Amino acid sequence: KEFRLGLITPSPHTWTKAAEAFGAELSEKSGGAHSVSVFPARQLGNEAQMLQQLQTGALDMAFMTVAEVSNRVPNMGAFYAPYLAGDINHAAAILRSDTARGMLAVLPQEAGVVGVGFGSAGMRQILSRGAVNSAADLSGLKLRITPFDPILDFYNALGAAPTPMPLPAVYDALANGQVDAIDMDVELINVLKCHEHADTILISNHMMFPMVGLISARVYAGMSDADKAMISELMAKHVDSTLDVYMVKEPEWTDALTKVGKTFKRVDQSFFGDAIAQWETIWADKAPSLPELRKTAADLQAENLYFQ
């Protein structure tokens, strides 16, 4: 079968490369019985549209933000608790935990997809066209976000003016004033060159940003038993591989952003004042897994079960 696999990420992105590597390996492991055609850069629609077509089976596969999935399955919001992870290595360990993996079980019924495992992109950061010396400087700033509620709620609690906007429009929106600031990770600040029009780069690491490898449940049900196992395991391997890329490259992309001539500052959780507490109150009855995920995260850190 010729499967199609969609992403919203551009061609140089880690996820796109992982999807291509997955496709090549599936072709080889299947002896040419199967192939994967990869459609990056939103070619097949926006992420919400892609999820709709995974649900029907019109689209076979995707490497999708957990952000979009959280619009369909609000318990996925638990991953976005601010400062749940202290860094990308902690995040990867959280995403590999039994607690995290258990949360995948609801996806066939709740979203019509099989989630094979988690990957990620980078931690979230803030770029602004103006000076930012305290959280108060974010007030009223039109601030680009990924279109999902956890991040909307965070910026609403901060008093910014969050504005959902897909990746391709962001560079231009900064260049032309449709936004004053953006929420984005270091890989894409580099790749999309969004630092060019910004004044200040804040390395806040305020939220993680998981990815999930999805197979349409309808399509999965049509696979042979051997292929269900082989394809899901192979996809899981490639999704997991992304965690190791970010573990290595996150500080490298971050250091690259000290060489673009802008004001560069690191901040920590205290910078955000009461916004984190407000987020917790919003999400307490939306994402029932949060207390267990917080416990898992705390235990991984206390036991030093990752590189730090």
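Sequential numbering from 1, following the sequence displayed.
- Taking only CA atoms, the mean B-factor in the PDB entry is higher for 170-178 than for the other of 154-162 and 170-178.
- Higher mean CA temperature factor, per the PDB entry, when comparing 194-202 with 211-219: 194-202.
- For the set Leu95, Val116, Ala136, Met123, the maximum C-alpha B-factor listed in the entry falls on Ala136.
- Among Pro82, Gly77, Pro108, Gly140, the highest C-alpha B-factor in the deposited entry belongs to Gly140.
- When the CA B factors of the chain's modelled residues are split into thirds, the value for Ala24 lands in the highest one.
- Among the modelled residues of its chain, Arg101 has a C-alpha B-factor that falls in the highest third according to the deposited record.
- Among all modelled residues in its chain, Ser224 ranks in the highest third by Cα B-factor.
- When all modelled residues of the chain are sorted by CA temperature factor, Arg129 is found within the highest third.
- In the deposited entry, the Cα temperature factor of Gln52 sits in the bottom third of values across the chain's modelled residues.
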